[PDB]
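Reviewing the structure listed below.
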Amino acid sequence: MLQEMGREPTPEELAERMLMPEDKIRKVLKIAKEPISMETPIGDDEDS
Amino acid sequence: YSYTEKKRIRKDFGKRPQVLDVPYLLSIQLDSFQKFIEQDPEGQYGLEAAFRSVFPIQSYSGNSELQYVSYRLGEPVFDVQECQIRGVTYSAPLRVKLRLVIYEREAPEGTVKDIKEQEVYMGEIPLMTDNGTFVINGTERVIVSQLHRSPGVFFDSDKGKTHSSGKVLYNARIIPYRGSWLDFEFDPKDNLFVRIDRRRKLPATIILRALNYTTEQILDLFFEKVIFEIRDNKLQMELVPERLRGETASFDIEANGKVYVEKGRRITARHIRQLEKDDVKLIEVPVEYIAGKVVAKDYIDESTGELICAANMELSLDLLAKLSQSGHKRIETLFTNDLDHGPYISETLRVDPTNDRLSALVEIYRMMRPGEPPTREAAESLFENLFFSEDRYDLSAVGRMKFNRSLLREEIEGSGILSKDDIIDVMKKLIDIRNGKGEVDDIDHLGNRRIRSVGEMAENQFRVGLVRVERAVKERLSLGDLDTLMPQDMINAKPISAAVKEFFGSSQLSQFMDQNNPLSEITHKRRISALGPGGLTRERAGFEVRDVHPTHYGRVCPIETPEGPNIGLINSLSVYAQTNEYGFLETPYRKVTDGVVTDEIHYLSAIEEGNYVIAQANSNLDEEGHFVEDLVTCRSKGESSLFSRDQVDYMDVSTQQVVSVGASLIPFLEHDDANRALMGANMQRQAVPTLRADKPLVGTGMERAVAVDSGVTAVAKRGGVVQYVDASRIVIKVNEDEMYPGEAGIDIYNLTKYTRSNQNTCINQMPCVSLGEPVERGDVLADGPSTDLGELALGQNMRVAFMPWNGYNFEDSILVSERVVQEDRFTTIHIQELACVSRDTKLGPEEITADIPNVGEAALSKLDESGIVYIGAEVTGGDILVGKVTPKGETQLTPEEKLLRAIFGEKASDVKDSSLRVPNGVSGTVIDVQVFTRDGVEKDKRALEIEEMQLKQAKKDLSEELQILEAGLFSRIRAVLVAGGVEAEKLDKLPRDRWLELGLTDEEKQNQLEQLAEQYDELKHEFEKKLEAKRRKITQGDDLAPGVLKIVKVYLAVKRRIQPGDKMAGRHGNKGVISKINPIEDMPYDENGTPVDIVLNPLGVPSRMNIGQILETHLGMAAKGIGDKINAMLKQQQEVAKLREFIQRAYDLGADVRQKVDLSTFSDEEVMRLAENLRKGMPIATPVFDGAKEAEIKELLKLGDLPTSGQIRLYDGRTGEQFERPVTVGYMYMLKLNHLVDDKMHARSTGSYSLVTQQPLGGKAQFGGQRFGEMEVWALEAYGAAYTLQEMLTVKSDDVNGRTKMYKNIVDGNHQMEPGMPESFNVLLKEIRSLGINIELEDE
Amino acid sequence: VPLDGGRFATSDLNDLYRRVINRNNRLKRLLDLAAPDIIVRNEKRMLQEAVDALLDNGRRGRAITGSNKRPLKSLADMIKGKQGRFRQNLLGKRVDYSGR
Amino acid sequence: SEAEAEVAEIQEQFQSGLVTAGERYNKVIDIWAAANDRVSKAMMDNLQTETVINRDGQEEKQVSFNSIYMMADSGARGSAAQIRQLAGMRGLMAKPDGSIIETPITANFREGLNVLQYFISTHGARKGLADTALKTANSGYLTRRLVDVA
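Just so you know, the sequences run in chain order W, F, U and V. Per full-length UniProt numbering, the first sequence starts with residue 470, numbered consecutively. Per full-length UniProt numbering, the second sequence starts with residue 3, numbered consecutively. Per full-length UniProt numbering, the third sequence starts with residue 253, numbered consecutively. Per full-length UniProt numbering, the fourth sequence starts with residue 655, numbered consecutively.
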């Protein structure tokens, strides 16, 4: 769809083409990410 | 002069005529960007460099490959403003032209084959402003040019490596631009060795054998063949006379029949000269001379094929006999004189065990691949891949060049790939250095060091994205179908763009900029480091590189450090310098000829400089002759001294070019120490814009250019006449010639009002200008937050005294009056924002609506139907500004509350609060807000209202735009017709479009009629597209995260006024902190009852010595005095000519000033308005080094009719009487800071805690407790406060039961203690036991 | 533990137990099946690897990272250095009832 | 001027080739140090008791009433070398190499530095500053070790 479009297709456009409704799109979109490891120093310097 | 100069003139006292007007300043960043983008045909850079380096790419067959043609970028979808609005990165889209070329492999390359010569979108690309920045999620951010060690070749030696030796070892290092590294090294044992990438050692000769190679040609190469001839019994041997040089004669070295030399006798230069003289090459010599010498080459008996002696074998006399017998009355041998040409090679060779080339190949493999079973092609392909493959290896012929020069070749270019001659020439040169001829390199010298600008790094990221591409490419090429597989059927732009993102948001350099101060931003652009990948680290780095090198001069400001662990690592450039195109530097210099300084220029390197001999601009010319004094301070060789006059190559231009900008702007600092200088220029950046724009009156001169080049302001892009004005926009008519013919020449500028600084401070613009006035191009039209008339205003100048007062300025501390507070002048603004989200939950959607339970209606009052605040409201902590609620479950409770609600009996809610509220401890003003809602989620009531308001406002603005434009063009429409007949009122009253029927001169004019028709339609068409595009731009909803249904946000307005604790400083180190404001009556004051503004403690100066602040003070009293002369003359309302004399006199006062000016040139109201501008005090420029002089402070305080001592009898605010002695008085220009108690101080009673450890938190933002270091505990170790110890160990921190106990006991009045045991203890014990041991407690 | 997005945060450790238990599962699973001991060896070397890396990740072999490419904090590391317990949170400590 | 004529003479000697370079180094550096000392005597005698004030008598002087000197004599702030910095030539300068430079400073803060003179001040300035930043860790490390024993 990107090649066809040249840009990012929307949840609705793919709700059409993937053949299922925006419920499940937005649903799965809520789900698919991973945990981010407490011990990361979001303090750029080693303080936090 | 120019218009804005005329309005306010700053005097100057530099006298040395400068040659140069400064360049543009941020040229470097924009140029690297340009380089990266710009379509280089041939010198491939950045993009084209990448595609060229990589493409074409083919498959495994010999049919199919992919072929570059060209590329293109598009316009951005989003303008700049919508991007930072939406929190969107700005960028441009990308197309590239690809040709899927294949070849008929049945044919040889029967190229009439499938071709998909088409175009491909992939990935947008963030882009630069016309100013430099990149916005990321609407976050203007900056990335900085770095320096690193230039590639190539670098030699050195360490002093003391083994303790028994305590001696030096010479060693080499080299790298390419790309690919693996390589290391030559000696040992103490006079042997070269080798390692790659610091792999383990090798005798270099192993690899030499690896190079298709034999020992024969070694010994041909490195050494001469010391030839013998056994002429039937006895040894005769050839001899160049200069082989025996400083050599002790072993035997009675003689001739045909002549002794030049006895045994044990040094062969002087004389005997060499005799030997030379008499043409004597061969000498009768003892056979014994040989034994110990080494054969040159493998010799055999031809019948045998067997070595009577192997090559690289010491010689003897049994072998002498044997060889003479075998048919050898000549013997080459190896030359060896440590004086002349001595042994290192054969040492390593006899050490070199690997017998054949293949032993070399395999052991080289085996170090390269230890454990792994060697095969032939493994090692072969391996070695060639390392340094003979174009792919994994390049020099970036800057390298290649450098290597020619490290070899002194003719050439400069080549491949990115080695040759063997290069290698051995390095080997030879290295051993030559070992012998003493030549040197090793230096460090901290700038020709060893190369920059890294942006497009370089962009390019690197780009091509590694092409790696992440090309793997998958190759597979799907060799594997998939060939006829059907489109070029983009394989393409994944995702890792490419994602890596662009990673670098743009996770690099060390991707950074938020400092727009608190145009100084701070612009210098932040002009910062440089050595950090990150291919960089260094604090704990690993040391001292020497932080320090100065002489060759910084003219190229680096040495003044510029952050006062922290980056003591010398960080540093910014200087002023007038430039880059070598390669990534090194240059600097201009005035050529000097015959004594005559040539005004020409040559941007010399760090390297050419030391050769020549070069002069200062401090010199006093002999009026276009030569230098006046014989002993001229010249410099060459990396050092300066005194030489004659015609003896000069070059000269400097100006006395500043060493400096940076914040370094440049401090006057008199030649009279001042450096520590206070650098911390001053540091604090010079941390400044804050005040409410208004007060200038200084002491200057340097450059500040105009800085007020320009940030791009913060408007400019006269083109001169013209002011057309229309507003407090948010201003229109100009462009001059006729500056107006292009196709163009209407009507510029506008819509102006940035109240707006967020990244450090949360207020932003505006305002016209410093009037209407109906001419303007020459480049003039500024609206000043900025910290600027005035195109010049800086970081602070405010005002009154001072230097004396103690009752302890109220004890240690650098400050006292002030109250008057300032009544003038509010050091008052400023801030901005504070908040936000909220409409999510969807498992249970349902979070609802945004005014409806709430348990409603203290007080704050509900200011909310609307949808639960939203009305604009112009005033608030404070805890107030409720947005009503959001959440689908809730239900709960249960204890019998006591059950009975409670049973007697109350309020009922039935299954929804929970999620409303937004002000932080406790804040109060501000409501200004502006915004909602984002999905394109697909319905736009709420006021959401539609706001977007309707926006379509209104925008459509109004664009209506006005095209309206005015269209009037501008209907001007032409009416004008062009008037001299063909006339329809004087037959034209006007009847409708406009029906003028096409009136009097017509049939021949030509109908084309005009239908061209009028054409433009009438064209214009409304252009508005139609404007309308539709803009309206869809406005109405299109939001690409919001999953669950995020819509969000509102809010911006406040807050001000803050002065209070003790708010730091304050000027430009001289002159810090200080406040203890008090003072009533005006308490002011000590003068005979004339004018009290003072500031008092200061004169203790510390003769130790810190920022003495320019004194001269400044003198001048600060001085300058204003003239403004008062004039101000009286204005109120007294005197005359033109009086002031005219007064003033031109005042200008043409100093000794030998460079600037020269007239009045009579100018007309009257010009005089009036500059006089209006100067009444507060005439401003002045002190060039920091060629400033004015005390004679011109004193001539001047005279004219002000003051004590030239500048020091006065004053009287006491409290007692009225005179003090002992006088005190110096005058004005200095002062600054206040970010460091301010309101954002700084904090208290923490009791609140949140940690989770694993139950411990109080840190940070005022989350109500942070203050940690105590353990040395604070050591304190009461030395005191013995066991109970406070207990307290602060246990109850304030960890013990839950303890903290609770204490809470309730205090509210009982009870001040009594109870311990528990810290949670962390047991936590450990558990962890320990998880590590798997039985720790345990021996209970009592 | 979660955040607003239903997007969570985890320790450095949980994967250690996860890999360990899974490799045990593989091991016992393959002991049901009477394979050659070559793979038995390979699995158990992975086992001891995971074990002593849990005890100390960056002691013995090339240290172990996540997607971070930062190495993973050992148990031992938590007891250790300044962010070890002793020096971090047992001797110096945040405190209630104070201000500045 | 005396110093200039003398270094010109020693220049002529080193040109002649009798005297060496390190000898000359010690010679020049010592005589500049003597020049600084003479300047110090000059300025101190010309400041500390520069004040002549008469009481019931022709002339007599006492301790000066100048602000700078009494700041030095109280021990509140200042010191003779610091007053020399503002007023006199202040000694000579060691480059970051650790060497010591042959040509000391001529003017002062009152008159105004040279380009090169301040460019030269930079070296030892930054040297002492990095030391300011980076001698303290030794102290704290040391300290907690010491107490860890005891």
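Here a beta-carbon is modelled for each residue, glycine too, at the ideal position from N, C-alpha and C.
**Study point:** When F:601, F:596, F:583 are compared against residue 607 of chain F, the one with the closest alpha-carbon
**Key:** Closest option to residue 607 of chain F, Cα to Cα, is F:583.
Review point. How long is the line joining the alpha carbons of residue 382 of chain F and residue 215 of chain F, rounded to whole angstroms?
Key: 14 Å
Check your understanding: Terminal residues of the continuous beta strand (DSSP E) containing residue 115 of chain F?
Key -> Here residue 115 of chain F belongs to no beta strand (DSSP E), and DSSP marks it neither H nor E.
Practice item. List the residues that DSSP assigns as beta-bridge partners of residue 735 of chain F. Key: F:723
Point to revise | Cβ contact check for the stretch 33 to 52 of chain F and the stretch 457 to 473 of chain F: 3 or more pairs under 8 Å | key: Verdict: yes, contact present.
Check your understanding: At what residues does the beta strand (DSSP E) containing residue 453 of chain F begin and finish?
Key -> Segment 451 to 454, the beta strand (DSSP E) holding residue 453 of chain F.
Exercise for review: Identify which residue in V:670, V:725, V:755 has its Cα closest to the Cα of residue 1099 of chain F.
Suggested key: V:725
Review point. CA-CA distance, residue 1267 of chain F and residue 333 of chain U?
Key: 23 Å
Review point. What does a CB cutoff of less than 8 Å around residue 239 of chain F pick up in its chain, not counting 5 residues either side in sequence?
Key: The beta carbon of residue 239 of chain F is closer than 8 Å to those of 228, 229, 230, 231, 284, 285, 287, 291 in its chain, skipping five residues each way along the sequence.
Practice item. Could you name each continuous beta strand (DSSP E) segment of 3 residues or more that falls completely within the stretch 794 to 836 of chain F, going from the start of the chain to the end? Key: 798 to 803, 816 to 819, 830 to 832
Exercise for review: Take the Cβ of residue 1335 of chain F as the centre, count every other Cβ of all protein chains shown within 10 Å, and call the residue buried at 16 or more, exposed below.
Suggested key: exposed
**Study point:** Start-to-end residues for the beta strand (DSSP E) that takes in residue 644 of chain V
**Key:** The structure shown does not extend to residue 644 of chain V, since chain V is modelled only from 655 through 804, so no value can be given for it.
Exercise for review: Could you tell me the distance, in whole angstroms, from the CA atom of residue 764 of chain V to the CA atom of residue 741 of chain V?
Suggested key: Residue 764 of chain V and residue 741 of chain V have their C-alpha atoms spaced approximately 6 Å apart.
Review point. How about residue 576 of chain F and residue 558 of chain F: are their beta carbons less than 7 Å apart?
Key: yes
Practice item. Closer than 7 Å by C-beta to residue 413 of chain F: which residues in its own chain qualify, once you throw out the five before and the five after it? Chain order, please. Key: Excluding five sequence positions before and after residue 413 of chain F, the CB atoms of its chain that fall closer than 7 Å to its own CB belong to 406, given in chain order.
Review point. Do the CB positions of residue 2 of chain F and residue 722 of chain V come within less than 7 Å of each other?
Key: An answer regarding residue 2 of chain F cannot be provided, because it is not within the stretch 3 to 1342 covered by chain F.
Point to revise | Counted within 10 angstroms of its Cβ, other Cβ atoms place residue 819 of chain F as buried (16 or more) or exposed | key: buried
Exercise for review: Using 10 angstroms around the beta-carbon of residue 273 of chain U, count the other beta-carbons present and answer buried if the total reaches 16, otherwise exposed.
Suggested key: exposed
Practice item. Go ahead and pull the three-state DSSP assignment for residue 1061 of chain F. Key: coil
Review point. Since residue 1232 of chain F is in the beta strand (DSSP E), which residue starts that stretch and which ends it?
Key: Here the beta strand (DSSP E) through residue 1232 of chain F covers 1225 to 1234.
Review point. When the cut-off is 7 Å and only beta carbons count, does residue 1102 of chain F lie next to chain V?
Key: The beta-carbon of residue 1102 of chain F is placed less than 7 Å from the nearest beta-carbon of chain V.
Review point. Excluding the five sequence neighbours on either side, which residues of its own chain have a C-beta within less than 6 Å of the C-beta of residue 1124 of chain F, listed in chain order?
Key: 1180
Check your understanding: Hey, would you say residue 678 of chain F sits closer than 7 Å to residue 1106 of chain F, going by beta carbons?
Key -> yes
**Study point:** As assigned by DSSP and simplified to three states, the class of residue 351 of chain U
**Key:** strand
Check your understanding: Taking C-alpha atoms, which residue in F:1232, F:1130, F:529 lies nearest to residue 797 of chain F?
Key -> F:1232
**Study point:** Partner residues on chain W for residue 490 of chain F, Cβ-Cβ distance less than 8 Å
**Key:** 472
Practice item. Give me the Cα-Cα distance between residue 676 of chain F and residue 574 of chain F, rounded to the nearest whole angstrom. Key: 17 Å
Exercise for review: With a 10 Å radius around its C-beta and 16 neighbouring C-beta atoms as the bar for buried, classify residue 602 of chain F as buried or exposed.
Suggested key: exposed
Check your understanding: Per DSSP, residue 1066 of chain F forms a beta bridge with which residues?
Key -> F:1234
Review point. Smallest Cα separation from residue 1077 of chain F: which of F:1096, F:1265, F:375, F:877?
Key: F:1096
Review point. Apart from the five residues just before and just after residue 468 of chain F, which ones in its own chain have a Cβ nearer than 7 Å to its Cβ?
Key: 52, 56
**Study point:** is_contact[residue 1105 of chain F, chain V] using C-beta, thresh 7 Å
**Key:** yes
Review point. Residues in the stretch 484 to 507 of chain W with C-beta within 7 Å of chain U's C-beta atoms, listed in sequence order?
Key: 499, 502, 504, 505, 506, 507
Exercise for review: Return the bridge partner residues of residue 66 of chain F from the DSSP annotation.
Suggested key: F:104
Exercise for review: Check residue 744 of chain V in the structure and name its three-state DSSP category.
Suggested key: Of the three classes helix, strand and coil, the one that applies to residue 744 of chain V here is coil, per DSSP.
Review point. Residue 233 of chain F bridges to which residues according to DSSP?
Key: F:236
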